[PDB]
file data.cif (mmCIF, N, CA and C atoms)
data_query
loop_
_atom_site.label_atom_id
_atom_site.label_comp_id
_atom_site.auth_asym_id
_atom_site.auth_seq_id
_atom_site.Cartn_x
_atom_site.Cartn_y
_atom_site.Cartn_z
N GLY Y 158 31.90 51.07 208.96
CA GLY Y 158 30.68 51.83 209.16
C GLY Y 158 30.08 51.68 210.54
N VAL Y 159 30.91 51.43 211.55
CA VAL Y 159 30.39 51.19 212.90
C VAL Y 159 30.16 52.51 213.63
N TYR Y 160 31.11 53.45 213.53
CA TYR Y 160 31.08 54.75 214.20
C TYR Y 160 31.11 54.52 215.72
N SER Y 161 31.12 55.57 216.56
CA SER Y 161 31.09 55.35 218.01
C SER Y 161 30.20 56.28 218.82
N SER Y 162 30.61 57.54 219.01
CA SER Y 162 29.88 58.41 219.92
C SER Y 162 30.06 59.89 219.60
N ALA Y 163 28.95 60.62 219.68
CA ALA Y 163 28.93 62.07 219.51
C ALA Y 163 27.73 62.64 220.25
N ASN Y 164 27.83 63.92 220.60
CA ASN Y 164 26.77 64.61 221.33
C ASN Y 164 26.59 66.03 220.79
N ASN Y 165 25.42 66.59 221.09
CA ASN Y 165 25.09 68.01 220.89
C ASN Y 165 25.35 68.47 219.45
N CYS Y 166 24.86 67.69 218.50
CA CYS Y 166 25.07 67.97 217.08
C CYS Y 166 24.52 69.33 216.67
N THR Y 167 25.33 70.08 215.92
CA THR Y 167 25.00 71.44 215.52
C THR Y 167 24.57 71.58 214.07
N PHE Y 168 25.23 70.93 213.10
CA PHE Y 168 24.91 71.19 211.69
C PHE Y 168 24.83 69.88 210.91
N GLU Y 169 23.90 69.79 209.96
CA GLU Y 169 23.76 68.62 209.10
C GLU Y 169 23.62 69.05 207.65
N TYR Y 170 24.10 68.19 206.74
CA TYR Y 170 24.08 68.47 205.30
C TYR Y 170 24.17 67.14 204.57
N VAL Y 171 23.22 66.85 203.68
CA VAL Y 171 23.14 65.55 203.00
C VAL Y 171 23.02 65.69 201.48
N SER Y 172 23.82 64.88 200.78
CA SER Y 172 23.70 64.57 199.34
C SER Y 172 23.59 65.75 198.38
N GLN Y 173 24.38 66.81 198.59
CA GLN Y 173 24.40 67.84 197.55
C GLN Y 173 24.79 67.17 196.22
N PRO Y 174 25.91 66.45 196.12
CA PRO Y 174 26.23 65.72 194.88
C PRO Y 174 25.84 64.24 194.89
N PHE Y 175 25.21 63.77 195.97
CA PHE Y 175 24.87 62.37 196.25
C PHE Y 175 26.05 61.42 196.45
N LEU Y 176 27.05 61.41 195.55
CA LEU Y 176 28.17 60.48 195.70
C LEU Y 176 29.43 61.09 196.29
N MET Y 177 29.75 62.36 195.96
CA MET Y 177 31.03 62.96 196.43
C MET Y 177 30.76 64.10 197.43
N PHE Y 186 39.33 53.85 183.59
CA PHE Y 186 39.00 52.81 184.56
C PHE Y 186 39.06 53.35 186.00
N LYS Y 187 39.85 54.41 186.20
CA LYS Y 187 39.91 55.14 187.46
C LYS Y 187 39.65 56.62 187.20
N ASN Y 188 39.46 57.37 188.28
CA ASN Y 188 39.31 58.81 188.20
C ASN Y 188 40.10 59.46 189.33
N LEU Y 189 40.82 60.52 188.99
CA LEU Y 189 41.50 61.33 189.99
C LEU Y 189 40.45 62.19 190.67
N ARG Y 190 40.46 62.19 192.00
CA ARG Y 190 39.51 62.91 192.82
C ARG Y 190 40.27 64.00 193.55
N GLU Y 191 40.09 65.25 193.12
CA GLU Y 191 40.77 66.40 193.69
C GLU Y 191 39.78 67.18 194.53
N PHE Y 192 40.21 67.60 195.72
CA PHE Y 192 39.42 68.40 196.64
C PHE Y 192 40.27 69.53 197.21
N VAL Y 193 39.63 70.68 197.44
CA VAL Y 193 40.20 71.79 198.20
C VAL Y 193 39.25 72.10 199.35
N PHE Y 194 39.79 72.13 200.57
CA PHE Y 194 39.04 72.37 201.79
C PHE Y 194 39.56 73.64 202.43
N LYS Y 195 38.70 74.66 202.55
CA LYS Y 195 39.12 75.93 203.15
C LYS Y 195 38.04 76.40 204.12
N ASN Y 196 38.46 77.19 205.11
CA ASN Y 196 37.57 77.73 206.13
C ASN Y 196 37.84 79.23 206.24
N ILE Y 197 36.94 80.05 205.69
CA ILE Y 197 37.10 81.50 205.67
C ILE Y 197 35.90 82.14 206.35
N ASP Y 198 36.17 82.95 207.38
CA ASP Y 198 35.19 83.76 208.14
C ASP Y 198 33.97 82.94 208.58
N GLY Y 199 34.22 81.70 209.00
CA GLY Y 199 33.18 80.81 209.50
C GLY Y 199 32.50 79.94 208.46
N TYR Y 200 32.77 80.16 207.18
CA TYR Y 200 32.19 79.39 206.09
C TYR Y 200 33.20 78.33 205.66
N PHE Y 201 32.81 77.07 205.74
CA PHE Y 201 33.65 75.96 205.30
C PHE Y 201 33.29 75.67 203.85
N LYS Y 202 34.26 75.81 202.96
CA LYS Y 202 34.04 75.65 201.53
C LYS Y 202 34.82 74.45 201.02
N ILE Y 203 34.15 73.66 200.18
CA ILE Y 203 34.75 72.49 199.55
C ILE Y 203 34.59 72.66 198.06
N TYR Y 204 35.70 72.52 197.34
CA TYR Y 204 35.78 72.58 195.89
C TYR Y 204 36.28 71.21 195.44
N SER Y 205 35.81 70.70 194.30
CA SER Y 205 36.29 69.39 193.89
C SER Y 205 36.08 69.16 192.40
N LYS Y 206 36.83 68.18 191.88
CA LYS Y 206 36.69 67.77 190.48
C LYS Y 206 37.20 66.35 190.28
N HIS Y 207 36.57 65.66 189.32
CA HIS Y 207 36.94 64.32 188.89
C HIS Y 207 37.58 64.37 187.50
N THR Y 208 38.75 63.75 187.35
CA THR Y 208 39.48 63.72 186.08
C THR Y 208 39.70 62.28 185.62
N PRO Y 209 39.23 61.85 184.44
CA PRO Y 209 39.44 60.45 184.02
C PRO Y 209 40.91 60.05 183.98
N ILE Y 210 41.20 58.82 184.42
CA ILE Y 210 42.55 58.25 184.44
C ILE Y 210 42.59 57.10 183.43
N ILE Y 212 43.60 57.13 182.56
CA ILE Y 212 43.78 56.12 181.51
C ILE Y 212 45.00 55.24 181.79
N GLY Y 213 45.44 55.18 183.05
CA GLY Y 213 46.61 54.45 183.47
C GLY Y 213 47.79 55.34 183.78
N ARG Y 214 47.70 56.62 183.42
CA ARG Y 214 48.72 57.63 183.70
C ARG Y 214 48.27 58.38 184.95
N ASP Y 215 49.01 58.22 186.05
CA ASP Y 215 48.63 58.93 187.26
C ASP Y 215 48.74 60.43 187.03
N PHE Y 216 47.79 61.18 187.59
CA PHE Y 216 47.72 62.63 187.39
C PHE Y 216 47.73 62.97 185.91
N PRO Y 217 46.62 62.75 185.20
CA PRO Y 217 46.54 63.14 183.79
C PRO Y 217 46.90 64.60 183.62
N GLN Y 218 47.63 64.90 182.55
CA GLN Y 218 48.13 66.25 182.36
C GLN Y 218 47.16 67.07 181.52
N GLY Y 219 47.23 68.38 181.74
CA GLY Y 219 46.39 69.36 181.10
C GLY Y 219 45.86 70.20 182.24
N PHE Y 220 45.48 71.45 182.01
CA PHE Y 220 44.97 72.25 183.11
C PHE Y 220 43.55 71.81 183.44
N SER Y 221 43.25 71.70 184.73
CA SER Y 221 41.90 71.36 185.18
C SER Y 221 41.63 72.10 186.48
N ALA Y 222 40.56 72.88 186.51
CA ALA Y 222 40.19 73.68 187.66
C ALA Y 222 39.05 73.02 188.43
N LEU Y 223 39.05 73.22 189.74
CA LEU Y 223 38.08 72.60 190.64
C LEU Y 223 36.87 73.51 190.83
N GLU Y 224 35.67 72.96 190.59
CA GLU Y 224 34.45 73.72 190.79
C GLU Y 224 34.04 73.68 192.26
N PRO Y 225 33.34 74.71 192.75
CA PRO Y 225 32.82 74.64 194.13
C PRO Y 225 31.87 73.46 194.30
N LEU Y 226 31.96 72.81 195.47
CA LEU Y 226 31.07 71.71 195.81
C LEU Y 226 30.06 72.12 196.87
N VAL Y 227 30.52 72.53 198.06
CA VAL Y 227 29.61 72.99 199.11
C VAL Y 227 30.17 74.23 199.80
N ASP Y 228 29.27 74.97 200.45
CA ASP Y 228 29.59 76.16 201.24
C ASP Y 228 28.74 76.10 202.50
N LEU Y 229 29.36 75.73 203.63
CA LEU Y 229 28.65 75.41 204.86
C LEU Y 229 28.81 76.55 205.87
N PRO Y 230 27.74 77.29 206.25
CA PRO Y 230 27.90 78.40 207.22
C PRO Y 230 27.97 77.90 208.66
N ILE Y 231 29.06 77.20 208.99
CA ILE Y 231 29.13 76.49 210.26
C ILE Y 231 29.73 77.35 211.37
N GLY Y 232 30.85 78.02 211.11
CA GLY Y 232 31.54 78.77 212.14
C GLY Y 232 32.51 77.96 212.98
N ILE Y 233 32.85 76.75 212.55
CA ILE Y 233 33.74 75.87 213.30
C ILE Y 233 35.19 76.32 213.15
N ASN Y 234 35.93 76.24 214.26
CA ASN Y 234 37.35 76.57 214.32
C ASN Y 234 38.13 75.30 213.99
N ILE Y 235 38.86 75.32 212.87
CA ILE Y 235 39.61 74.16 212.38
C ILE Y 235 41.09 74.52 212.46
N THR Y 236 41.86 73.69 213.16
CA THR Y 236 43.31 73.82 213.24
C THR Y 236 44.02 72.54 212.80
N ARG Y 237 43.35 71.40 212.85
CA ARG Y 237 43.89 70.10 212.48
C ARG Y 237 42.79 69.31 211.80
N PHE Y 238 43.20 68.31 211.03
CA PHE Y 238 42.24 67.38 210.46
C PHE Y 238 42.87 66.01 210.31
N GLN Y 239 42.02 65.00 210.25
CA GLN Y 239 42.43 63.61 210.08
C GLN Y 239 41.63 63.00 208.94
N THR Y 240 42.30 62.22 208.12
CA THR Y 240 41.64 61.50 207.03
C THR Y 240 41.15 60.15 207.53
N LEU Y 241 39.90 59.83 207.22
CA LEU Y 241 39.27 58.59 207.65
C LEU Y 241 39.30 57.63 206.47
N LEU Y 242 40.01 56.52 206.67
CA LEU Y 242 40.25 55.45 205.72
C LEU Y 242 39.48 54.19 206.12
N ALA Y 243 39.11 53.41 205.11
CA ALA Y 243 38.44 52.14 205.33
C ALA Y 243 39.45 51.05 205.67
N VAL I 510 2.70 79.60 227.07
CA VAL I 510 3.59 80.72 226.77
C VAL I 510 4.77 80.20 225.97
N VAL I 511 5.10 80.91 224.89
CA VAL I 511 6.28 80.62 224.07
C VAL I 511 7.16 81.86 224.08
N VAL I 512 8.44 81.64 224.39
CA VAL I 512 9.45 82.68 224.53
C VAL I 512 10.55 82.42 223.48
N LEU I 513 10.83 83.41 222.62
CA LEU I 513 11.79 83.27 221.52
C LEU I 513 13.07 84.04 221.84
N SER I 514 14.17 83.30 222.03
CA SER I 514 15.42 83.93 222.46
C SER I 514 16.04 84.86 221.42
N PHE I 515 16.12 84.45 220.14
CA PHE I 515 16.76 85.29 219.11
C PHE I 515 18.16 85.74 219.56
N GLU I 516 18.94 84.78 220.08
CA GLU I 516 20.18 85.11 220.79
C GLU I 516 21.22 85.84 219.93
N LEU I 517 21.41 85.42 218.67
CA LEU I 517 22.43 85.96 217.76
C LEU I 517 23.82 85.46 218.19
N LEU I 518 24.79 85.43 217.28
CA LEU I 518 26.12 84.93 217.60
C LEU I 518 27.10 85.48 216.57
N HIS I 519 28.39 85.41 216.91
CA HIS I 519 29.45 85.85 216.00
C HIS I 519 29.51 85.05 214.70
N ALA I 520 29.32 83.74 214.76
CA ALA I 520 29.49 82.92 213.57
C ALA I 520 28.45 83.27 212.50
N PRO I 521 28.80 83.17 211.21
CA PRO I 521 27.79 83.43 210.17
C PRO I 521 26.68 82.40 210.20
N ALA I 522 25.45 82.89 210.07
CA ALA I 522 24.27 82.05 210.19
C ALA I 522 23.16 82.54 209.28
N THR I 523 22.42 81.61 208.69
CA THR I 523 21.42 81.92 207.67
C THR I 523 19.96 81.91 208.15
N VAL I 524 19.65 81.80 209.46
CA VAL I 524 18.23 81.88 209.83
C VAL I 524 17.73 83.25 209.42
N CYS I 525 16.65 83.29 208.66
CA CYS I 525 16.18 84.58 208.15
C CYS I 525 14.71 84.43 207.80
N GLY I 526 14.03 85.56 207.70
CA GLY I 526 12.64 85.53 207.30
C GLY I 526 12.57 85.18 205.83
N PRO I 527 11.44 84.63 205.36
CA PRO I 527 11.34 84.38 203.92
C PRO I 527 11.35 85.69 203.17
N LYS I 528 11.98 85.67 202.00
CA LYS I 528 12.03 86.81 201.12
C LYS I 528 11.01 86.55 200.03
N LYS I 529 10.09 87.50 199.84
CA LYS I 529 9.09 87.35 198.81
C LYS I 529 9.69 87.74 197.47
N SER I 530 9.25 87.04 196.43
CA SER I 530 9.70 87.28 195.07
C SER I 530 8.54 87.72 194.20
N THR I 531 8.73 88.82 193.47
CA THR I 531 7.72 89.28 192.53
C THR I 531 7.83 88.48 191.23
N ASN I 532 6.99 88.82 190.26
CA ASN I 532 7.07 88.22 188.94
C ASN I 532 8.16 88.90 188.12
N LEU I 533 8.79 88.13 187.24
CA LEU I 533 9.87 88.66 186.41
C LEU I 533 9.30 89.38 185.19
N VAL I 534 10.00 90.43 184.77
CA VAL I 534 9.64 91.23 183.60
C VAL I 534 10.91 91.49 182.80
N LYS I 535 10.85 91.23 181.50
CA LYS I 535 11.98 91.41 180.59
C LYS I 535 11.66 92.46 179.54
N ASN I 536 12.74 93.02 178.97
CA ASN I 536 12.72 94.02 177.91
C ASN I 536 12.15 95.37 178.34
N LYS I 537 12.18 95.69 179.63
CA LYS I 537 11.79 97.00 180.15
C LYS I 537 12.84 97.46 181.15
N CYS I 538 12.95 98.77 181.32
CA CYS I 538 13.85 99.33 182.32
C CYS I 538 13.22 99.20 183.69
N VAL I 539 13.85 98.40 184.55
CA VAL I 539 13.35 98.12 185.89
C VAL I 539 14.50 98.18 186.88
N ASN I 540 14.15 98.32 188.15
CA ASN I 540 15.08 98.08 189.23
C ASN I 540 15.01 96.59 189.51
N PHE I 541 16.10 96.02 190.01
CA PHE I 541 16.09 94.61 190.32
C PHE I 541 16.97 94.29 191.51
N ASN I 542 16.63 93.16 192.14
CA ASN I 542 17.37 92.57 193.25
C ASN I 542 17.33 91.06 193.05
N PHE I 543 18.45 90.49 192.60
CA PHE I 543 18.61 89.05 192.38
C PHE I 543 19.51 88.47 193.46
N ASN I 544 18.89 87.84 194.46
CA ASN I 544 19.59 87.18 195.56
C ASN I 544 20.65 88.07 196.21
N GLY I 545 20.30 89.34 196.42
CA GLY I 545 21.18 90.30 197.05
C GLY I 545 21.95 91.19 196.09
N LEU I 546 21.98 90.86 194.80
CA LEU I 546 22.65 91.70 193.81
C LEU I 546 21.62 92.69 193.31
N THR I 547 21.88 93.98 193.46
CA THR I 547 20.89 95.00 193.15
C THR I 547 21.39 95.90 192.02
N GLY I 548 20.45 96.56 191.35
CA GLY I 548 20.81 97.49 190.31
C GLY I 548 19.60 97.93 189.51
N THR I 549 19.88 98.67 188.44
CA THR I 549 18.88 99.18 187.51
C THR I 549 19.29 98.79 186.10
N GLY I 550 18.34 98.31 185.30
CA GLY I 550 18.67 97.94 183.95
C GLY I 550 17.51 97.29 183.23
N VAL I 551 17.80 96.87 182.00
CA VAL I 551 16.86 96.19 181.11
C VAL I 551 17.31 94.74 181.01
N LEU I 552 16.42 93.83 181.38
CA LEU I 552 16.71 92.40 181.40
C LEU I 552 16.23 91.75 180.12
N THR I 553 17.12 91.00 179.46
CA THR I 553 16.75 90.29 178.24
C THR I 553 17.23 88.85 178.33
N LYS I 554 16.63 87.97 177.54
CA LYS I 554 17.06 86.58 177.49
C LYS I 554 18.50 86.53 177.00
N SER I 555 19.32 85.72 177.66
CA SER I 555 20.74 85.65 177.34
C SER I 555 21.08 84.40 176.55
N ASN I 556 22.10 84.53 175.70
CA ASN I 556 22.68 83.42 174.97
C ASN I 556 23.94 82.90 175.66
N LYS I 557 24.32 83.48 176.80
CA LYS I 557 25.48 83.05 177.54
C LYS I 557 25.17 81.73 178.23
N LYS I 558 26.18 80.88 178.34
CA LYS I 558 26.05 79.58 179.00
C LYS I 558 26.89 79.58 180.27
N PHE I 559 26.21 79.55 181.42
CA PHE I 559 26.87 79.55 182.71
C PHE I 559 26.97 78.10 183.16
#
call {"tool": "encode", "arguments": {"input": "data.cif", "output": "structure tokens"}}
result
Amino acid sequence: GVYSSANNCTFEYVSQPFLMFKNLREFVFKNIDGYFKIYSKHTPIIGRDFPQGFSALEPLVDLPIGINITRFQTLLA
Amino acid sequence: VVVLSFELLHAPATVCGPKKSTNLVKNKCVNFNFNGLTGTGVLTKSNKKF
């Protein structure tokens, strides 16, 4: 949680869902006509990875940012 | 002196004037506009679960 440096911040968004024996955490990230959309769902895990049965992801956020995305990196602890 | 640029840009953006809302009326034939969805009809309480 150290972070480093950024400038000229354009958009902010906080705690729409506040947080987002185990749970599968599925996300879909898409960028259409300047709107960045995130869809996600949590599925309980009982020790079987990827519990079976159909499960659809509900929309999480819709950000009217206009950012051009060509690459992304996952940030791990 | 205050000068307002109102520059506008290609990217989608939501700065907008406030939209006033009237009072709701049910069981009568009315025109309606619900968050940009427009039409004419009779509004009644629904049993549908969204």
call {"tool": "resolve_selection", "arguments": {"input": "data.cif", "expression": "the PyMOL selection byres ((chain Y) within 8 of (chain I))", "output": "PyMOL selection string"}}
result
chain Y and resi 198-200+229-233
call {"tool": "atom_distance", "arguments": {"input": "data.cif", "atom1": "atom C of residue Y:241", "atom2": "atom CA of residue Y:188"}}
result
18.3 Å
call {"tool": "resolve_selection", "arguments": {"input": "data.cif", "expression": "the PyMOL selection byres ((chain I and resi 535) around 6.5)", "output": "number ranges by chain"}}
result
I: 533-534, 536-537, 551-553
call {"tool": "residues_near_point", "arguments": {"input": "data.cif", "point": "(13.1, 85.1, 194.4)", "cutoff": "8 Å", "atoms": "only N, CA and C atoms", "output": "list in words"}}
result
residues 528, 529, 530, 531, 542, 543 and 544 of chain I
call {"tool": "atom_distance", "arguments": {"input": "data.cif", "atom1": "atom N of residue Y:228", "atom2": "atom CA of residue Y:202"}}
result
4.9 Å
call {"tool": "atom_distance", "arguments": {"input": "data.cif", "atom1": "atom C of residue Y:203", "atom2": "atom CA of residue Y:225"}}
result
4.7 Å
call {"tool": "closest_residue", "arguments": {"input": "data.cif", "among": "Y:235, Y:196, Y:174, Y:187", "to": "residue Y:212", "atoms": "all atoms listed in the file"}}
result
Y:187
call {"tool": "closest_residue", "arguments": {"input": "data.cif", "among": "Y:175, Y:194, Y:189, Y:207", "to": "residue Y:237", "atoms": "only C-alpha atoms"}}
result
Y:194
call {"tool": "closest_residue", "arguments": {"input": "data.cif", "among": "Y:168, Y:186, Y:238, Y:160", "to": "residue Y:209", "atoms": "only N, CA and C atoms"}}
result
Y:186
call {"tool": "select_by_dssp", "arguments": {"input": "data.cif", "residues": "chain I", "states": "strand (DSSP E or B)", "output": "list in words"}}
result
residues 538, 539, 540, 541, 542, 543, 546, 547, 548, 549, 550 and 551 of chain I
call {"tool": "residues_around", "arguments": {"input": "data.cif", "residues": "residue Y:191", "least_positions_apart": "3", "cutoff": "6 Å", "atoms": "all atoms listed in the file", "output": "list in words"}}
result
residues 204, 205, 206 and 207 of chain Y
call {"tool": "build_atoms", "arguments": {"input": "data.cif", "residues": "stretch 530-548 of chain I", "atoms": "N, CA, C and O atoms", "output": "CSV table (one decimal), in the coordinates of the input"}}
result
chain,number,residue,atom,x,y,z
I,530,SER,N,9.2,87.0,196.4
I,530,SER,CA,9.7,87.3,195.1
I,530,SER,C,8.5,87.7,194.2
I,530,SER,O,7.5,87.1,194.2
I,531,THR,N,8.7,88.8,193.5
I,531,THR,CA,7.7,89.3,192.5
I,531,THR,C,7.8,88.5,191.2
I,531,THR,O,8.7,87.6,191.1
I,532,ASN,N,7.0,88.8,190.3
I,532,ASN,CA,7.1,88.2,188.9
I,532,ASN,C,8.2,88.9,188.1
I,532,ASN,O,8.4,90.1,188.3
I,533,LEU,N,8.8,88.1,187.2
I,533,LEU,CA,9.9,88.7,186.4
I,533,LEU,C,9.3,89.4,185.2
I,533,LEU,O,8.3,89.0,184.6
I,534,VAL,N,10.0,90.4,184.8
I,534,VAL,CA,9.6,91.2,183.6
I,534,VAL,C,10.9,91.5,182.8
I,534,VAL,O,11.9,91.9,183.4
I,535,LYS,N,10.8,91.2,181.5
I,535,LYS,CA,12.0,91.4,180.6
I,535,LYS,C,11.7,92.5,179.5
I,535,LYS,O,10.5,92.8,179.2
I,536,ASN,N,12.7,93.0,179.0
I,536,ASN,CA,12.7,94.0,177.9
I,536,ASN,C,12.2,95.4,178.3
I,536,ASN,O,11.7,96.2,177.5
I,537,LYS,N,12.2,95.7,179.6
I,537,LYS,CA,11.8,97.0,180.2
I,537,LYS,C,12.8,97.5,181.2
I,537,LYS,O,13.5,96.6,181.8
I,538,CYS,N,13.0,98.8,181.3
I,538,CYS,CA,13.8,99.3,182.3
I,538,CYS,C,13.2,99.2,183.7
I,538,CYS,O,12.2,99.8,184.0
I,539,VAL,N,13.8,98.4,184.6
I,539,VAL,CA,13.4,98.1,185.9
I,539,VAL,C,14.5,98.2,186.9
I,539,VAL,O,15.7,98.1,186.5
I,540,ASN,N,14.2,98.3,188.2
I,540,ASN,CA,15.1,98.1,189.2
I,540,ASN,C,15.0,96.6,189.5
I,540,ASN,O,14.0,96.0,189.3
I,541,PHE,N,16.1,96.0,190.0
I,541,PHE,CA,16.1,94.6,190.3
I,541,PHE,C,17.0,94.3,191.5
I,541,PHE,O,17.9,95.0,191.8
I,542,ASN,N,16.6,93.2,192.1
I,542,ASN,CA,17.4,92.6,193.2
I,542,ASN,C,17.3,91.1,193.0
I,542,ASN,O,16.3,90.4,193.3
I,543,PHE,N,18.4,90.5,192.6
I,543,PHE,CA,18.6,89.0,192.4
I,543,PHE,C,19.5,88.5,193.5
I,543,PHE,O,20.7,88.6,193.4
I,544,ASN,N,18.9,87.8,194.5
I,544,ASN,CA,19.6,87.2,195.6
I,544,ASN,C,20.6,88.1,196.2
I,544,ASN,O,21.8,87.6,196.5
I,545,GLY,N,20.3,89.3,196.4
I,545,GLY,CA,21.2,90.3,197.0
I,545,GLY,C,22.0,91.2,196.1
I,545,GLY,O,22.5,92.2,196.5
I,546,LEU,N,22.0,90.9,194.8
I,546,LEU,CA,22.6,91.7,193.8
I,546,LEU,C,21.6,92.7,193.3
I,546,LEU,O,20.6,92.3,192.7
I,547,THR,N,21.9,94.0,193.5
I,547,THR,CA,20.9,95.0,193.2
I,547,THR,C,21.4,95.9,192.0
I,547,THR,O,22.6,96.0,191.8
I,548,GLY,N,20.4,96.6,191.4
I,548,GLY,CA,20.8,97.5,190.3
I,548,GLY,C,19.6,97.9,189.5
I,548,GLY,O,18.5,97.6,189.9
